[PDB]
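Here the protein sequences come in this chain order: A and B. Read in order, the letters of the first sequence correspond to residues 7 to 194 in the deposited numbering. Read in order, the letters of the second sequence correspond to residues 7 to 194 in the deposited numbering. Think of the CB as a built atom: it goes at the ideal place given N, C-alpha and C, for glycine as much as any other residue. The structure under discussion appears below in the form of structure tokens.
Number of protein chains: 2
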Amino acid sequence: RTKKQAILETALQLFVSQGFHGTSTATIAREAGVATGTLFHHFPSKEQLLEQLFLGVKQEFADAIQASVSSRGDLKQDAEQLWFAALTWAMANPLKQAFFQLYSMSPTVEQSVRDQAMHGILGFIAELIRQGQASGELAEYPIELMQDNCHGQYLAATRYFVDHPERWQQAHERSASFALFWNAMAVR
Amino acid sequence: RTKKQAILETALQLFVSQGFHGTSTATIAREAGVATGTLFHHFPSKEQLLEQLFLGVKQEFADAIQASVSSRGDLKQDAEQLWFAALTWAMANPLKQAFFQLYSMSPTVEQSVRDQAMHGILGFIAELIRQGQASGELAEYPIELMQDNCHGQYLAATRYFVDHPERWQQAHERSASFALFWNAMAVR
Ligand SMILES: [Cl-]
Ligand SMILES: [Cl-]
Numbered sequence: 007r008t009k010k011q012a013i014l015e016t017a018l019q020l021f022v023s024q025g026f027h028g029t030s031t032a033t034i035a036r037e038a039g040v041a042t043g044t045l046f047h048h049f050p051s052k053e054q055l056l057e058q059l060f061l062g063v064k065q066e067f068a069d070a071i072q073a074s075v076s077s078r079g080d081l082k083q084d085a086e087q088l089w090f091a092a093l094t095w096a097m098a099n100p101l102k103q104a105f106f107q108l109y110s111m112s113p114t115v116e117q118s119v120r121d122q123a124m125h126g127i128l129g130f131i132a133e134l135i136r137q138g139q140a141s142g143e144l145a146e147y148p149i150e151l152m153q154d155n156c157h158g159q160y161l162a163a164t165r166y167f168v169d170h171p172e173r174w175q176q177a178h179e180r181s182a183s184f185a186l187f188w189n190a191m192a193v194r
Numbered sequence: 007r008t009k010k011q012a013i014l015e016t017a018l019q020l021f022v023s024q025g026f027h028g029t030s031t032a033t034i035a036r037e038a039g040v041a042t043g044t045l046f047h048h049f050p051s052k053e054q055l056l057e058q059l060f061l062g063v064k065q066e067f068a069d070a071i072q073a074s075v076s077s078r079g080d081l082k083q084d085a086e087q088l089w090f091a092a093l094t095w096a097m098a099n100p101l102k103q104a105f106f107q108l109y110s111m112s113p114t115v116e117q118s119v120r121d122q123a124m125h126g127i128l129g130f131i132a133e134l135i136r137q138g139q140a141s142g143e144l145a146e147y148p149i150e151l152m153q154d155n156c157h158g159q160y161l162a163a164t165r166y167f168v169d170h171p172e173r174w175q176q177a178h179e180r181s182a183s184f185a186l187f188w189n190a191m192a193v194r
């Protein structure tokens, strides 16, 4: 409805179907129904538009998975709720999920912007790992390697369930996905 | 050296720096030093060139990691050698590794071609998982989910070590990366 929102929504569609460098600002503006001048006012470069979109979608994801969890104090239970809320979000938002698969861990997004998403927007993930390490449930590996690992396993499980959508309906497949996630981190 | 190889190497450079849809066949042919006619002889479409490049780099990766293994019959030891050979390859080939980060798990490559790389070129990975399950060393989850998980953990660890190249020189960082990889799969 808003000019800025039409640009962001149109950019999301095009960056997924045609890529970042495969998409021109003229195409974005036209498909959004705005003058090229209006696009550059809100976003001075195509790079800034991608960065704002990236952080925006990351914030939506973080907000959805945290709002789905009401803790009872058990870390493994909360980790399970967060994992299945993340995977549910991925199946419910196929365009935004395809955007993560393409840009979340790619050399395309500036490392500093990927850092803001990792330690800022998803800062609570490292806090849960720290709590699990302190309680003796999680192994003591470098925190940043463990968060990248959570991120890689999420992308692997969502690739799997998008490729085999019938398996997302099978509890044995879902349980196996959490087991791979938890057992990578758990103390041995 | 060969006309076909100059094209594949040029396409690799451009598909990484400018993307697939951001790169034209004219630019590829020009930068490879070949006539557009020669490009289409070897590769009838830009899609076929990406697919042949993709399978080619996957075959090089598979060949390098398998050639670096001195197996003694211990699965965990062989998995450790394969994991560190894969990460060594990623650090040694920054362009081809960036190509995997961008295309290996992305919706850009045809699912059929991603399947040929997964079950054909890297078919030995599934065989090692089956052997580990039969020996009581690896958990019994669906093998395709486990293989996607191996793939996601590799991309996460190589993202980490490319972002922090000084940590790749630290044995405790390296050991922690294998621990996350092995413990995801191992029986509990
Ligand atoms: Cl969506
Ligand atoms: Cl390279």
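Any non-hydrogen atom of ligand 2 within 7 Å of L88/A CB: no
Pairwise C-alpha distance: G43/A and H157/B: Approximately 43 Å, taken between the alpha carbons.
Any non-hydrogen atom of ligand 2 within 7 Å of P100/B CB: yes
Contact test: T44/B Cβ vs ligand 3 heavy atom, cutoff 7 Å: What this structure holds is ligand 1 and ligand 2, not ligand 3.
Interface flag, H125/A vs chain B, CB-CB below 8 Å: no
Through-space distance from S118/B to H125/B, alpha-carbon basis: 10 Å
Residue environment, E172/A, which counts as buried when at least 16 other CB atoms sit within 10 Å: exposed
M111/A and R165/B closer than 8 Å at C-beta: yes
CB contact flag (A145/B, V193/B, <8 Å): yes
One or two residues paired with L144/A in a DSSP bridge: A192/A
Stretch pair the stretch 26-41 of chain B + the stretch 52-59 of chain B: three plus CB contacts closer than 8 Å: Yes: the two stretches touch, three or more of their Cβ pairs being nearer than 8 Å.
Inter-residue Cα distance where the pair is residue 196/B and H48/B: The structure shown has nothing for residue 196/B, since chain B only spans 7 to 194.
8 Å contact criterion, which residue 273/B and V168/B should meet: CB distance rounded: Look at the range of chain B in this structure, 7 to 194, and you will see that residue 273/B is not part of it.
Bounding residues of the alpha helix (DSSP H) (the contiguous stretch that carries residue 230/A): Nothing can be reported for residue 230/A: it is not among the residues displayed for chain A, which extend from 7 to 194.
Spatial distance of residue 216/B from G138/B (CA atoms): Outside the shown range of chain B (7 to 194) lies residue 216/B, about which nothing can therefore be said.
Collapsed DSSP secondary structure at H170/B in the structure displayed: coil
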